[PDB]
Amino acid sequence: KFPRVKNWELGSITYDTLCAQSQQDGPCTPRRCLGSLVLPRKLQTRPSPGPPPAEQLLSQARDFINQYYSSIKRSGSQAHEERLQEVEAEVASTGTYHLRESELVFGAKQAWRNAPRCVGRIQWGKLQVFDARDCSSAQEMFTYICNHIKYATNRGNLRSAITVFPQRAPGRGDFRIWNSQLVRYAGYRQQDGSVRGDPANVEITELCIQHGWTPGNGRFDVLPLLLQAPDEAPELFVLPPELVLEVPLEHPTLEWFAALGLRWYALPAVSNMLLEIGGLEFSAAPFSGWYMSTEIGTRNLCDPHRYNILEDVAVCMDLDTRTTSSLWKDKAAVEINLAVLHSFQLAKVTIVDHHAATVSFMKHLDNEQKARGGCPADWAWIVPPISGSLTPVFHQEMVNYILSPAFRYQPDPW
Amino acid sequence: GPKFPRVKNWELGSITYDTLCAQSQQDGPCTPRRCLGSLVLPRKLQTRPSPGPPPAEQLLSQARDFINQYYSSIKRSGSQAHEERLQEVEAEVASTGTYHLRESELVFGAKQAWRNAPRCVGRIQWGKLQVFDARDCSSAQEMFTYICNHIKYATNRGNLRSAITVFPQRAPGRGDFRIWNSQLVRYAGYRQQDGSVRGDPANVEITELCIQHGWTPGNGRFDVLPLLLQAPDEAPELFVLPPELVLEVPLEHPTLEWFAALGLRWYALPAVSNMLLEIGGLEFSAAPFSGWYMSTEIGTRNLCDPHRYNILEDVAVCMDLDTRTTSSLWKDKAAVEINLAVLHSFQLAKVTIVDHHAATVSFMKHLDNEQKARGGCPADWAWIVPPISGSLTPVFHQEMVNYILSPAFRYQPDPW
Ligand code: HEM
Ligand code: HEM
Ligand SMILES: C[C@H](O)[C@H](O)[C@H]1CNc2nc(N)[nH]c(=O)c2N1
Ligand SMILES: C[C@H](O)[C@H](O)[C@H]1CNc2nc(N)[nH]c(=O)c2N1
Ligand SMILES: CCS/C(N)=N\c1ccccc1
Ligand SMILES: CCS/C(N)=N\c1ccccc1
Ligand SMILES: [Zn+2]
């Protein structure tokens, strides 16, 4: 059936009919809901040593091709019919097929548009697509990645972009970017288990060292990239410092904040997810946009398993950390988020606060309701990590399901 | 690995498997196709009025399951007493179409219902519940007496005690016992000529129902509403709670001296009165239960929700913040001070309350307890994580499995 979706702040109601177009199962069942789980048990994306079932692939390919021609208002046209025949021909003889650049561009934008966990989707139509499918080495991957970064950064005036490397091929190894993001701060394990830097990057930091990287000893050492060409050991590449724009954090009124020596990079670029389009899989397709302040100020800096700076800022603010009821944690967190926004604005680097971002998502939901009869969204990820109910999305019911094209998680290459 | 949901805590990196979900006998709203976990009222549980007596076969199954749960809880499963109790229930349903619970069974079921509530973050307290048996109540007037006694016992002058009063169960083709109000304490919501609302917008409908039934309305922002109590097959009767029994707390701020001037306040006792308590197929349409507040309920939702008192702008203006731009984080700053005021005021008045940090930490302990005791704990992530400072609390980083277990507290249609 079609779910009734209500917004409790406004009392408005809609019905999601788009979910009926989903062809991939999620983790839930009538007996129990697993919507709060981060990763799949296996929904992932298993190996590719053998060719995907011709029937299945062809079914997905046709669907995508149909989606494409519908987007250009040329459905049923001569081109549409012949393109479909081309794909069938290629699959029947080779067990796979290839996308035309225009189809790739449309597919990438749709994958972003369909990502249920992305609150910035109102920007889905504005995405610069770099075709890197004519890449045959790790060195070439590095060149493409540097160009992506320079373009995406644009001196602080961030522009959303994605670079697409060669699709996966049967029996052959994948092109892969080992790092989870193009910019990551090192996490060094020492002495008594503690960690200097970012605890989230301990494993990747160690891998780089093992592969020849001369480690530093700071809290914010930008890591090198481990790029891997098919069936070859990954190679190490150091990003030119002038390409990695960073923002020193300072507070608008608290003079001592800057003394904390905190900072964060301007460009958020995901590099470990897989882009699936019409059955084809792109194991290396880094995409980037701009940060929403809470990602840095709340999660990256305040998570207990991350930089965990909450108590330090609290002590500097001379707050009463003796008890939970003083809400010192809440107070410290707000100022940290403020410092991030202030600093990025001062540095003239694009960023959006959680209020503005959620307000735009609500508009996006409305645009999509009229455009496709619904919009897949993951409530737990859409609602900000702080001030949840202070934002409109908290009061908005959502329907979560999987549509394709899609960005999916994939196994670590090591 | 194990054929059950793998649950992970991303803060500690620890893993568990939920085997308790295998015990669920009722389906939720989700399917492999789409997750509806964020819906407030998906139409499943929803105990819609089912007048004509229920299928004896249906009731019996639920009844046997509950009796098994009961005997299992006292470690006498498979015993003579167990088999005899089962026989009695089957015989009673066989001749009357329904059955009745022993005193100790009602106490066990009520506690289990709380224990099974996926949306309650205060379940670490589940074992300590005062169960008032009111299954002898036969009039709206007597319901009021029982309710007043509940309020007095539960309030205990500020040192709140969890409690539940159970009125007669639904009977074959007979009228239900019902408390029309959603809570025992509710502030009136008066629709204004210009279309706005004075008081609590959440209670507009009930406020009007009270007026329609003879209540003389006030014009304040915090007027305690009267109760509309309904005995079987009778029109609801209006009852005014004696002021001395409704403990309220004026709100003031620890450092911001002007906050007290705002004239804000909230009642001490959170008592849910419109939910249905289901035990072994038996349905208790009127069984008000109460505990104590978690500060965010008052400070964040009730006082700052756009559709509630909506005081964010007022307080922000008082703090002299830049309310003209989102990036000043004025909403966040005001909400924090409003929450601090709630905690400070309740502490000053010596009325029980728990902040969202302490409450969530205790819930984590509860999850650990339940993992060992039952192999899991059904939890609604969206309701467990607090409305403010979500990731600053431990529950945010804890994956959760949601499912329906009985005994349980379910939503039921409004009697009007
Ligand atoms: C234009 C600015 C954008 C903003 C402000 C934005 C913001 C967000 C936020 C806050 C998250 C969660 C991040 C986290 O908690 O780690 C998210 C997730 C996501 N976004 Fe966006 N986004 C933007 C651009 C993009 C772009 C350009 C793409 C791809 C073309 C994209 C794809 C996704 C995906 C796939 C996820 C989920 C990742 C996961 O499952 O871990 N976003 N976005
Ligand atoms: C001892 C103190 C307790 C605390 C701090 C606590 C806290 C909470 C909170 C924060 C909520 C969410 C309320 C909302 O958002 O409107 C909740 C939900 C719930 N609690 Fe507890 N609780 C406690 C006692 C009780 C008791 C005594 C019972 C029953 C015997 C109970 C049954 C429930 C139920 C059924 C819900 C969900 C109601 C719904 O779906 O609307 N709680 N609790
Ligand atoms: C366990 C829980 O699913 C997990 O902590 C989720 C919650 N919501 C989130 N939301 C966003 N945007 N990003 C995250 O990493 C998470 N983590
Ligand atoms: C739409 C969404 O389900 C709704 O706003 C929920 C979210 N989480 C909640 N959590 C609690 N504790 N209480 C609520 O009323 C809600 N409302
Ligand atoms: C695509 C960068 S858009 C962004 N603001 N952040 C993300 C960080 C990690 C994963 C996904 C999104
Ligand atoms: C049983 C009061 S326990 C409590 N703090 N709040 C609730 C408010 C509304 C519904 C359920 C719980
Ligand atoms: Zn679900």
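Chain B is numbered as in Swiss-Prot, which gives 67-482 for the residues shown.
So how was this one determined? The header says X-ray crystallography, 1.9 Å.
Cβ from N, Cα, C; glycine included.
Over in Swiss-Prot, the protein carries these features:
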BINDING   B:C96, B:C101  Zn(2+) binding site
BINDING   B:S104, B:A448, B:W449, B:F462  (6R)-L-erythro-5,6,7,8-tetrahydrobiopterin binding site
MOD_RES   B:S116  phosphoserine
BINDING   B:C186, B:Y477  heme b binding site
BINDING   B:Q249, B:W358, B:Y359, B:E363, B:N368  L-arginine binding site
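Annotation note: B:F462 ((6R)-L-erythro-5,6,7,8-tetrahydrobiopterin binding site) sits in a helical segment as assigned by DSSP. Taking a Cβ distance under 6 Å to any atom of ligand 2 as the criterion, the recorded positions B:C101, B:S116, B:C186, B:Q249, B:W358, B:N368 reduce to B:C186, B:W358. Comparing the recorded positions B:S116, B:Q249 on other C-beta atoms within 10 angstroms of each C-beta gives the minimum for B:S116. The closest partner of B:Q249 (L-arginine binding site) among the binding-site residues, by CA position, is B:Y477; the full candidate set was B:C101, B:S104, B:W449, B:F462, B:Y477. Listed binding-site residues: B:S104, B:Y359, B:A448, B:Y477. Those with a CB under 8 Å from a CB in chain A, in sequence order: B:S104, B:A448. Listed in chain order, the residues near the L-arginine site other than B:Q249, B:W358, B:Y359, B:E363, B:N368 are B:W332, B:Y333, B:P336, B:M360, B:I364, each with its Cβ within 8 Å of the site Cβ centroid.
Ligand 7 lies under 6 Å from the Cβ of B:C96, out of the binding-site residues B:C96, B:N368, B:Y477. Taking Cβ-Cβ distances under 8 Å and a sequence gap of 6 or more within the same chain, the neighbours of B:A448 ((6R)-L-erythro-5,6,7,8-tetrahydrobiopterin binding site) are B:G103, B:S104. Comparing local CB density within 10 A for the binding-site residues B:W358, B:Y359, B:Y477, the maximum falls on B:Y359.
A helical conformation is recorded for B:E363 (L-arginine binding site) in the three-state DSSP classification. Counting other Cβ atoms within 10 Å of each Cβ, the binding-site residues B:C96, B:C101, B:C186 show the lowest value at B:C186. When the binding-site residues B:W449, B:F462 are scored by other C-beta atoms within 10 Å, B:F462 scores highest. Taking Cα separation as the measure, B:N368 (L-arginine binding site) is nearest to B:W449 of the recorded positions B:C96, B:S116, B:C186, B:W449, B:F462. Screening the binding-site residues B:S104, B:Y359, B:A448 for a C-beta under 6 A from any atom of ligand 6 leaves B:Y359. Comparing C-alpha positions, B:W358 (L-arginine binding site) sits nearest to B:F462 among the binding-site residues B:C96, B:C101, B:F462. If you take the C-beta of B:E363 (L-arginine binding site) and look for same-chain residues 6 or more apart in sequence within under 8 angstroms, you find B:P336.
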